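Have a look at the structure below, then the notes.
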Amino acid sequence: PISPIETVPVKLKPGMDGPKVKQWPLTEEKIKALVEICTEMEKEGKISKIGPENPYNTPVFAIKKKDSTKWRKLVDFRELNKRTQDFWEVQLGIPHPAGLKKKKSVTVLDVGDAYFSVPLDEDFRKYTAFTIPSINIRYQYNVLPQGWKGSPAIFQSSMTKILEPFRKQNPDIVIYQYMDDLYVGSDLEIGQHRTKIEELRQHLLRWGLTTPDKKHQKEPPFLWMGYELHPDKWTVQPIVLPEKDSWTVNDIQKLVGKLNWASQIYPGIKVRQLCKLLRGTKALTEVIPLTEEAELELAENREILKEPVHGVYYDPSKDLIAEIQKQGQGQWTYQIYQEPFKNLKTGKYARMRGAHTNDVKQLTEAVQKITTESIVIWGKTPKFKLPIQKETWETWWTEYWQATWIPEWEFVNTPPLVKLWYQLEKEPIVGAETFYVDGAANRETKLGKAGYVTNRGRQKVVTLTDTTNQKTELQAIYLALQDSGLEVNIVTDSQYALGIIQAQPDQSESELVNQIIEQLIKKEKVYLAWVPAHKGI
Amino acid sequence: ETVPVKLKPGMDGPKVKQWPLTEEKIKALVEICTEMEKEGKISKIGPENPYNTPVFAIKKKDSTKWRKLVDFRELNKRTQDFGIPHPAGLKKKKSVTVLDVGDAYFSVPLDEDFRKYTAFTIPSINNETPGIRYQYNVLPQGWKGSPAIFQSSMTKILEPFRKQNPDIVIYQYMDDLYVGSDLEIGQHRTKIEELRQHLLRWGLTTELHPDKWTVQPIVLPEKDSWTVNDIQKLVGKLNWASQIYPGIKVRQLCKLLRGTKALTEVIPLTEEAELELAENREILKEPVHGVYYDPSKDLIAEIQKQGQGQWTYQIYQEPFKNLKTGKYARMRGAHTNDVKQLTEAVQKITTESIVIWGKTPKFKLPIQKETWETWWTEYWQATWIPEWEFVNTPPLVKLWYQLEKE
Ligand SMILES: Cc1occc1C(=S)Nc1ccc(Cl)c(/C=N/OC(C)(C)C)c1
């Protein structure tokens, strides 16, 4: 049924005009069908016939369905959609299951053909013009057309107004619209709930919006993007993996994809060896021999994915707790819960080392990421239980060059704790040897020398083929570190070394830097000093 | 009657995404907005309007009442320009007082066709509810066109206090009014309260010290005996510093540094080196000659984390030709939060720029974007929002300004 609701004013992009595309010649049968089908909605007032005063046109084709072999129609608004103005974001994001509260009962009213219930802006209607051909019939839409850019947007806002009165009258009921489905939950006794639903149903019906009967509508458990929603709890569908004989590259990719999604809820899942099977793949359909290391892994994963996972919903009267763990270098797992072991959400992050970082800086980034998603879901930030001592944090952040912070948190002694691998001395070490290191390389020929000379008379130099200046400089520093004992003073003029002094990184992209890092850690005390170049020093 | 405002030719309205807000402030905004809607200041809008500007709520200093703040930076940048006067008086005043006259704007209607462009959205926790879309019908606070259009009325409103007190300076920069006088605190505070009443009377409602802000000299360390390391450190600084003061020389000291000696080795200064140093101390006793502010060029502010709660900054237009520089110690209370201190500092510095040049500086912040975006709003307490970018502090620039006097 059509409805008596205010149409939303819709216009085409600046300086653009309606569609004017060719109508495909169909069959005597397809034409027959569309003639019948169109005459149907024609009688319903959904569409109206138009004459030659309309120069626009959108292609219309026929398609047989799944349940009836009976024909349905399809209008290709691709072009029109290009020429239509933009509306504000349809849905600014989906509600995550961990941000929902428990409800005694939840029912979803499929307001299916509601797009065709909301009236289209009269003026715009002309652009919807289409044609039913003959072997050897013009119409236009008077209502929101399935497929048109503005339909979902306009339909949503319409549904929003229509529900405002019912919502006010019933502030103890929760409605959530998504597409053409209306989810409604509450904490009322089943009988009372059943009643309100009907009241709502009749409220929408008052606006021509037809809805399915109690006999016919949907019920829980619901499927919500990987989750299986229950009024009491949410559940993750035990992810099924296909055990097969012949594996193709493509197949491995898809597999690694599903596995990666899984790891968020199932820490332990590994794909390191499975990823290796991709190295040098010449075609997407080339078959790959599954290495036994990959067989043991793929197996160990099926076991993990055996045990399902069901969590709990959010209780506003309880505090939020977020706990974090470092599974490896640049790998962190976290779980947010209100009552211990009764998880709301879990996740993990892998951090591609990048230029140069340190574990504490990384922890900081996790905390930051978590804090952001928390605010989106619960509107508040968790109290943090972090595997790091208050002493360590204080020492690091108070000196680090960049502004950084971690909200109210508390140390949790869950090994392995993140700690400062090393700390450069603040002043020169008395007694220790002093290495004046230097390195230079011919930029063009990539030929260089790296070396040092100490206050104890020691010296060394090395010639390097296929090297760069930065490498040479660092190499100079590497050598000094290798040949020095537990305590060392090192002076360099390297601009890049200035970075290490300031950031004191414990991981980097450069394997060379990493070599230096390992060496710095091995030292008992290291004092690094910088001096301008081409001077006396 | 409304004045027709336009976007600069060719531009389109802002379509900036709203940042997630905490429950606490979403509620606060809902409340504030329902009320403003009743009063007819704003109106609900549909999807047919595609523009958007971020909003949020902050709590003023000494006021435990939430205040709605919008981010019009993008709109302002696209808003046409339009006699906008700035005096060099309050720069010299003994005391200045900032006044929030943002409320005034809500009385004045905003041109119908420009209204669409002021669309904003209140979000919902966990996206369980669609955003509540509104748009202004009156002049928006924090917008650049507002103080502009409200100019006339403003001048009239103030003229009486002006003519009866030409010994006082009043400067309007957006939502604020800077009132400065040399009159001792008694008369100043009392005269301010009087001015308030003067405004209150018309409907709308609402200490700093300019000549105490000095650019500090770079003091060099002094020891009884210098070590190879001390000299190296000193030389490094001077060498870099010569980019500002070309009269700085380092050769004589550099000479003492020739030879692979132990860093802890004590070295006596040659009389030639002693002079060179004494000469440098002299050049550093004053800021570089030749630095004149250019109104047609952007003002820039660089901040460096100094640790222990300290922060250093330099306002300039051309690198090394600093118009002003300074040191900032963390406010009592922020003993554990960097974002807190940084924002406070950002605000303090912006204020000064306003007082002096009546222009906000573009900030170069030593922080990761993510960290800033996530917590800046939590401590912001100004009607305006300056421009910023995130950078990596060069170690050298840091060691230098660490040397400022006290
Ligand atoms: C926002 C909401 O709409 C309808 C129910 C609810 C809430 S707060 N709780 C809740 C409790 C149990 C289930 Cl099964 C669902 C179903 N949610 O489905 C969506 C996410 C589509 C609302 C929702």
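Charge tally for residue A:89 (other residues, Cβ to Cβ under 11 Å; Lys, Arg +1; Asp, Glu -1): +2.
Normalised by the number of residues in the stretch A:221-314, the mean separation of alpha-carbon contacts (under 8 Å, six or more apart) gives a relative contact order of 38 percent.
Cβ-to-Cβ counts within 10 Å put B:343, A:211 in ascending order as A:211, B:343, the fewest first.
Could you state, as a whole-number percent, how many of the C-alpha pairs of the stretch B:210-293 are farther apart than 18 Å?
Result for the distance tail: 47 percent.
Here the gap between residue A:383 and residue A:218, fully extended at 0.36 nm per residue and compared with their Cα-Cα distance, gives a gain of 55.5 nm.
For residue A:493, the amide hydrogen comes within under 5 Å of the amide hydrogens of A:531, counting only partners 5 or more places away or on other chains and with H modelled in the peptide plane.
The fewest-to-most ranking of A:278, A:229 by surrounding Cβ atoms within 10 Å reads A:278, A:229.
Going from the residue with the fewest nearby Cβ atoms within 10 Å to the one with the most, A:38, A:275 rank A:275, A:38. Along its principal axes, the stretch A:221-314 has C-alpha extents of 48, 22, 21 angstrom, given from the largest down.
Calculated mean residue ellipticity at 222 nm for chain A: -9000 deg cm²/dmol, from DSSP H runs with n ≥ 4 weighted as -39500 (n - 2.57), summed, divided by the residue count and rounded to 500. Mean separation of Cα pairs under 8 Å and 6 or more residues apart, divided by the residue count, gives the stretch B:294-400 a relative contact order of 26 percent.
Using the Cβ-Cβ distance between residue A:496 and residue A:258 with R0 = 41 Å, the FRET efficiency computed as 1/(1 + (r/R0)^6) comes to roughly 0.45. The simple spin-label model puts a point 7 Å past each Cα toward its Cβ; for residue A:121 and residue B:271 those points are separated by 9.1 nm. Sorted largest first, the spans of the alpha carbon positions of the stretch A:315-421 along the three principal axes are 39, 26, 25 Å. Net length available on complete extension from residue A:102 to residue A:29 is 21.0 nm, with 0.36 nm assigned per residue and the Cα-Cα distance removed. Would you pull out the residues with amide H under 5 Å of residue B:403's amide H, same chain only if 5 or more places away, H placed 1.01 Å from N? When sequence neighbours closer than 5 places are left aside, there are no close amide H contacts.
Of A:13/B:17; A:326/A:385; A:101/A:318; A:361/A:390; B:237/B:405, which sit over 18 Å apart, Cα to Cα? Working shown, then result.
Working: A:13/B:17 21 Å; A:326/A:385 13 Å; A:101/A:318 12 Å; A:361/A:390 15 Å; B:237/B:405 15 Å.
Result: A:13/B:17 exceed 18 Å.
Pull out a ≥ b ≥ c, the square roots of the eigenvalues of the alpha-carbon gyration tensor of the protein assembly as shown, then state rounded if a/c is under 1.5, prolate if not and a/b is larger than b/c, and oblate in the remaining case. Oblate is the answer for the protein assembly as shown, as a/c is 1.5 or above yet b/c matches or exceeds a/b. For the stretch B:1-69, GluC sites (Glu not before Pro) are listed when DSSP marks them as loop and at most 13 other Cβ atoms sit within 10 Å of their Cβ; the list is B:1, B:39. Inter-label distance, residue A:78 to residue A:524: 7.5 nm, where each label sits 7 Å from its Cα along the C-beta direction.
A Cα-only calculation for chain A places Rg and Dmax at 33.5, 104 Å.
Label reach from residue A:68 (point 7 Å along Cα→C-beta): in the stretch A:96-132, amide nitrogens under 17 Å belong to A:112-114, A:116. Restricting the stretch A:469-519 to GluC sites (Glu not before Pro) that sit in a DSSP loop and have at most 15 other Cβ atoms within 10 Å of their own Cβ leaves A:509. With both labels modelled 7 Å from their Cα along Cα-to-Cβ, the residue B:294 to residue A:189 distance reads 8.1 nm. 3J(HN,Hα) couplings calculated from phi for the stretch B:398-406 with the Karplus curve 6.51 cos²θ - 1.76 cosθ + 1.60 (θ = phi - 60°) are, in sequence order, 6, 4, 5, 5, 5, 7, 5, 6, 9 Hz; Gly and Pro show x. Considering every alpha-carbon pair of chain B, the percent of pairs per 20 Å bin, from zero through the bin containing the longest distance, is 22, 49, 22, 7, 0.
If the chain linking residue A:430 and residue A:198 were pulled fully straight, counting 0.36 nm for each residue of separation and taking away their Cα-Cα distance, it would gain 74.9 nm.
With a sphere of radius 12 Å drawn around the Cβ of residue A:240, what net charge do the other residues whose Cβ falls strictly inside it have (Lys, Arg +1; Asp, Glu -1)? Intermediate results must be reported in sequence, preceding the final value.
Values: positive: A:258, A:302, A:306; negative: A:243.
Overall, the nearby charge balance is +2.
Over all other residues within a Cβ to Cβ distance under 10 Å of residue A:16, the charged ones net out to +3, with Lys and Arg as +1 and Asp and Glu as -1. What the Cβ-Cβ distance of residue A:146 and residue A:318 gives, at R0 = 45 Å and to the nearest 0.05, is a FRET efficiency of 0.55. For the pair residue A:5 and residue B:406, what calculated FRET efficiency results from E = 1/(1 + (r/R0)^6), where r is the Cβ-Cβ distance and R0 = 60 Å, to the nearest 0.05? Computed FRET efficiency for residue B:406 and residue A:5 comes out at 0.25.
A quick note on method: Cβ atoms are made from the backbone with ideal geometry, for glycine too, and the neighbour counts reach across all protein chains shown. Throughout, read-outs are computed from the coordinates displayed, never taken from laboratory work.
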